[PDB]
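First the structure, in the form of structure tokens, and then the observations on it.
Chain letters run A, B, ... following the sequence lines, proteins first and then strands; every chain starts at 1. Reckoned from all heavy atoms, side chains included, excluding hydrogens, waters and symmetry mates.
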Amino acid sequence: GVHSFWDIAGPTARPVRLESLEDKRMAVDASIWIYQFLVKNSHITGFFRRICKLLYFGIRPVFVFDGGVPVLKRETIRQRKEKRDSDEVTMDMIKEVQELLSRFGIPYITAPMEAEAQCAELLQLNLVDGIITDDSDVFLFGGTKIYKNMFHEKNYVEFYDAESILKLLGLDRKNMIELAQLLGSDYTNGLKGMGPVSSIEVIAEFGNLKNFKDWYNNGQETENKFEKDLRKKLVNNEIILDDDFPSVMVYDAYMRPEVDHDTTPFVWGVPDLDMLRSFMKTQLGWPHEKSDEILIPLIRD
Amino acid sequence: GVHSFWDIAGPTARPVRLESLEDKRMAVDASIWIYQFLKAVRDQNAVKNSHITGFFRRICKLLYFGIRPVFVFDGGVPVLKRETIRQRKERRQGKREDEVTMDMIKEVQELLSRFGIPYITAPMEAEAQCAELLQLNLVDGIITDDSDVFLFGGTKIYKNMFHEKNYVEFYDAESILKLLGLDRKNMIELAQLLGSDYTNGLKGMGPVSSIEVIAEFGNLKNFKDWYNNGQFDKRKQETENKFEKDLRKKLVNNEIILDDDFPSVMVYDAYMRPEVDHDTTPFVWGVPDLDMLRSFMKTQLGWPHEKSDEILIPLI
DNA sequence: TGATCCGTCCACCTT
DNA sequence: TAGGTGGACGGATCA
Ligand SMILES: [Ca+2]
Ligand SMILES: [Ca+2]
Ligand SMILES: [K+]
Ligand SMILES: [K+]
């Protein structure tokens with residue numbers, strides 16, 4: 001995500017009841033779930049409970065898994081750290097969780113690259129009605145209709161949309177991509193000293209990062225209060241704004257991520273009680289009757 | 001002062017009405033008033049003789065409530081302070097790589113004497129000398145905002161005296177001890193975690209972590225032994241609890257080194273044995289000299305005598 | 001000037 | 001994993 005971005009977008013949130021999501025097709029960004037569940041087979045327990053919450057409220061989810069890591073992201077990570085192996089164990093957990101999904105009759109895909117980018121594309125193609133994720137990157141990838149904190153234990157979830165963000169904060173997609181280069185994200189380290197308050201002020205005052213850069217480099221005398229304090233801060237943090245600021249690579253990474261444009265509509269099956277019974281028995285030692293108590297209310301006649 | 005110390009002592013503060021201080025003898029720590037008035041009072045640059053205006057207004061407030069002040073000025077800067085501060089600056093520089101005149105001092109002291117108010121110059125730090133005055137019962141309280149006064153053994157402190165309020169914040173060592181479990185040695189050892197004029201403290205140690213260290217280990221020697229013994233004999237780590245395993249991880253990440261200067265006897269000695277005047281001769285308060293105050297304010301600030309009279313006559 | 005305010009930074013926690 | 005949070009940090013302001 002973009003660092004501190006939810007602090008900025010937070011006031012535009014609209015609480016909606018879980019009951020209002022009935023029959024909605026929802027892209028579920030599941031790229032990060034296995035890591036969050038890292039008692040044997042906690043990934044299964046974790047996926048099971050979240051899947052049940054979605055289906056309990058009649059949501060029609062499509063699960064999206066990460067594909068590759070793009071180069072800019074790999075680089076930015078690398079500069080921040082500056083019988084089976086881990087990969088094999090990961091492969092197995094993903095496979096098991098996907099087996100669980102299919103027994104629930106829930107479709108899933110593996111994005112070519114970032115899951116959130118793919119989620120945004122699913123919504124653009126009207127293959128889903130909304131996106132369930134807590135990763136603010138989704139906005140920069142052109143996402144809207146985002147449902148955040150879906151898995152907190154509250155009666156409501158937070159609904160965000162690109163329209164409200166524009167109307168209320170004056171921010172469009174290019175603005176958010178530029179905010180990322182101040183705040184930092186997976187694709188850029190941002191600027192030292194630039195938090196959500198200073199970053200928003202910069203966009204509001206200078207409109208864009210080019211003007212921001214120009215005001216800075218040219219000036220290095222009749223500057224107002226705001227400009228004077230900001231310049232000293234940039235100086236004090238040894239900020240250099242060269243020909244790579246703003247970054248065309250960052251812009252392209254968010255504006256043109258690798259996604260699948262396939263327009264085949266997703267198909268939802270019904271949960272397979274028999275196969276879920278045996279799966280849960282095998283994986284976690286649940287008696288069938290225990291599985292039934294949770295799962296039978298999910299079975300239409 | 002000791003960094004964040006008022007955050008720690010704050011909840012023991014008791015609000016006291018200025019009216020209650022009538023006839024109290026009060027050591028006034030005036031060591032940074034001049035520089036403060038220089039920086040706090042400007043035009044559109046320092047306004048002229050703001051040190052006179054500033055001192056005059058504060059003196060009148062004290063006299064208005066019948067306080068019997070004795071003003072204390074700094075003498076020298078202790079070597080340990082000069083060393084601490086210069087090292088602090090050197091290391092901050094090594095991360096990125098309006099003056100007080102003798103006449104200003106003489107002027108405010110002339111003002112003081114025309115008010116008939118006794119003043120002294122401490123051999124070194126004013127706060128240390130204030131604590132000594134109280135210990136010898138030459139005064140009944142100390143007016144200062146600088147937390148160092150507790151470490152120098154000051155026990156009855158009046159903070160925010162010149163804020164625009166009906167009350168002043170009273171602090172005493174006995175309440176700090178009783179309510180926070182902190183004695184003088186504890187406070188001096190807190191300084192070595194938090195930082196003060198006499199030590200740059202430890203990275204990562206704010207008021208929360210520093211209080212925890214003193215509570216859990218009792219003293220810095222015990223803390224050091226715990227850290228160092230466990231860093232060497234890793235076997236001693238296996239049995240330590242959550243707090244200790246988390247604290248250790250933090251100190252390591254912060255590259256903390258606790259050597260033979262930790263705790264520092266130089267720091268302890270500087271607070272326990274500051275250079276102060278031990279004279280037991282009581283102070284004598286005079287009466288304000290209206291004639292000489294009139295001419296002083298006239299000369300220094302252009303105040304017509306009638307302006308001075310309007311303020312000074314009720315005080316006399 | 002020392003203390004306070006407030007925006008930011010950092011690492012742990014929860015998931 | 002990574003958003004949130006608790007605690008620390010630091011520059012600008014208070015007074
Ligand atoms: Ca992302
Ligand atoms: Ca001091
Ligand atoms: K930043
Ligand atoms: K510290």
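Regarding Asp137(A), its CG atom lies at a distance of 8 Å from the P atom of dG3(D), rounded to whole Å. If you measure from atom NZ of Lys39(B) to atom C1' of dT1(C), you get 9 Å, rounded to the nearest angstrom. Computed from coordinates, the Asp7(B) CG to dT4(C) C1' distance equals 9 Å when rounded to whole Å. For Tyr187(A) and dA2(D), the OH to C1' distance is 14 Å, given to the nearest whole Å. Rounded to a whole Å, the CZ atom of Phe47(A) is 13 Å from the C1' atom of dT15(C). Protein atom CZ of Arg96(B) is 11 Å distant from nucleotide atom P of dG10(D), rounded to whole Å. For the pair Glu169(B) CD and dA3(C) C1', the computed distance is 11 Å after rounding to whole Å. Atom CG of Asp134(A) is separated from atom P of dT14(C) by 17 Å (rounded to the nearest Å).
Toward the 5' end of DNA chain D, the nearer of the two residues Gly206(B) and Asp135(A), judged by each one's closest nucleotide, is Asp135(A). Of the two residues contacting DNA chain C, namely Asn160(B) and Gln36(A), the nearest-nucleotide position lying further toward the 5' end is that of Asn160(B). When the nearest nucleotides of DNA chain C are assigned to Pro196(A) and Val2(B) by heavy-atom distance, the more 5′-ward of the two goes with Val2(B).
With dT1(D), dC12(C), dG2(C) as the candidates, the nucleotide lying closest to the side chain of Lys249(B) is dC12(C). The listed nucleotides are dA12(D), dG2(C), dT8(C); the one nearest the side chain of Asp229(A) is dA12(D). Of all nucleotides listed (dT15(C), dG7(D), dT8(C)), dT8(C) comes nearest to the side chain of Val197(A). Closest to the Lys203(B) side chain, of the nucleotides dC9(D), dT1(C), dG7(C), is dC9(D).
Ion pairing between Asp161(A) and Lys145(A) fails under the 4.0 Å rule for side-chain N and carboxylate O. In this structure, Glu227(A) does not pair ionically with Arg231(A), as no charged nitrogen and carboxylate oxygen lie closer than 4.0 Å. Between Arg14(A) and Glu158(A) there is no salt bridge, since no side-chain N of the basic residue sits under 4.0 Å from a carboxylate O of the acidic one. For the pair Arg42(B) and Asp98(B), the salt-bridge criterion is met [side-chain N within less than 4.0 Å of a carboxylate O].
For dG3(D), neither phosphate oxygen OP1 nor OP2 lies less than 4.0 angstrom from any side-chain nitrogen or oxygen of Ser136(A). The phosphate of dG3(D) (OP1 or OP2) has no side-chain N or O of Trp6(A) nearer than 4.0 angstrom. Dashed line: the shortest gap from a side-chain N or O of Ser209(B) to OP1 or OP2 of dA8(D) is under 4.0 Å. Between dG4(D) and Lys148(A), a contact under 4.0 Å exists linking OP1 or OP2 to a side-chain N or O. Between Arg92(B) and the phosphate of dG11(D), there is a side-chain N or O to OP1/OP2 separation shorter than 4.0 Å. Between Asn253(B) and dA11(C) there is a side-chain polar atom (N or O) within less than 4.0 angstrom of OP1 or OP2.
A side-chain donor-acceptor contact under 3.5 Å links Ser31(B) and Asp29(B).
Among the atoms of the strands shown, none is found under 4.0 Å from any heavy atom of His3(A).
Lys203(B) has its side chain out of reach of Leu251(B): every pair of non-hydrogen atoms, C-beta onward, lies at least 4.5 Å apart.
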